[PDB]
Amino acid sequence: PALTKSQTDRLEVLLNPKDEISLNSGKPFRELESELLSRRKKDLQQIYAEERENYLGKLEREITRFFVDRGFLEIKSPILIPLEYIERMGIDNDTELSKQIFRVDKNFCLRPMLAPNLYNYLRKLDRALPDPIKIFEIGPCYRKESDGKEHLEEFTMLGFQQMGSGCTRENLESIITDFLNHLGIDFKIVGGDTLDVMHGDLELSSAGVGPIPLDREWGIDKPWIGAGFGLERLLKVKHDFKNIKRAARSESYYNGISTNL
């Protein structure tokens, strides 16, 4: 009696990437399910007995320490932002992002990105802080997305930006490289300069070197370097999850372990 596709789907919910269990073994579904249920209950018991930390929270804290220690100021800015910030980012029809916005009320949206708020902080802090100005933010961002194993509608972005002196492509690649070697994540950098940070075919980050013409709409007139990274994609690679759902804010998975036991 071979397993049904529905049964294999159920077992795949319970399977963790380092389990060495093969589904075709010939063992009955009920037995395979009971084995995986026992393993996942034990995984949750071990977390509860020892560390008790959530992967997404813990990763945020680790990234925060890395950037604070490298001289970047920690920002916490609004998640619910004025809708006019989207248009002011140059996002209109004929851009993909235009159709992906979660609107709230008449004049607000859930931010799909961190760039508007980081631009505003760079402009304001230039009146107080010495050159160069280095800032970062980690927090929720929102985009409407087609179903896909690499995309969430509710995700978490790291964004960092430096403005003034030292804003070279070399220095940008150095930050990225030190950061991902610190986290233990393999990558390739692929390249007004623009560049993407790839893990195989998966985009971990897009990064940039300024100035660009958009800066003037935000009151920025200095060179800059910066990048944006999705935390759930970093977790997906680090823990070898097959679907990014395992890494997201979720009621269905805790540290990549099914909560439906």
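The first residue of the shown sequence is 1; numbering continues from there.
Undergrad: Would you class the number of unmodelled deposited residues between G191 and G192 as none, 1 to 3, 4 to 9, or 10 or more?
TA: Per the record, 4 to 9 deposited residues are absent between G191 and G192.
Undergrad: Quick check on the record: does 101-109 or 173-181 carry the larger mean Cα temperature factor?
TA: Per the PDB record, 101-109.
Undergrad: Look up the CA B-factors in the entry and say which stretch, 39-47 or 26-34, has the higher mean.
TA: The recorded data point to 26-34.
Undergrad: Maximum C-alpha temperature factor per the entry, among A227, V68, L231, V209, belongs to which one?
TA: Highest C-alpha B-factor among the listed residues goes to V209.
Undergrad: Out of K238, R246, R10, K18, which shows the largest CA B-factor listed in the entry?
TA: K18 has the highest C-alpha B-factor of those listed.
Undergrad: Taking the entry's C-alpha B-factors for this chain, is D126 in the lowest, middle or highest third?
TA: Within its chain, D126 is a middle-third residue by C-alpha B-factor, going by the deposited values.
Undergrad: Sort the modelled residues of this chain by their C-alpha B factor and say whether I138 lands in the lowest, middle or highest third.
TA: For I138, the deposited C-alpha B-factor lands in the lowest third.
Undergrad: Among all modelled residues of this chain, ranked by Cα B factor, put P132 in the bottom, middle or top third, i.e. lowest, middle or highest.
TA: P132: CA B-factor falls in the middle third of its chain.
Undergrad: Within this chain's modelled residues, let me know which third the CA B factor of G57 belongs to: lowest, middle or highest.
TA: CA B-factor rank for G57: lowest third.
Undergrad: Taking the chain's C-alpha temperature factors as the reference, tell me which third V197 falls into: lowest, middle or highest.
TA: Ranked within chain, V197 CA B lands in the middle tercile.
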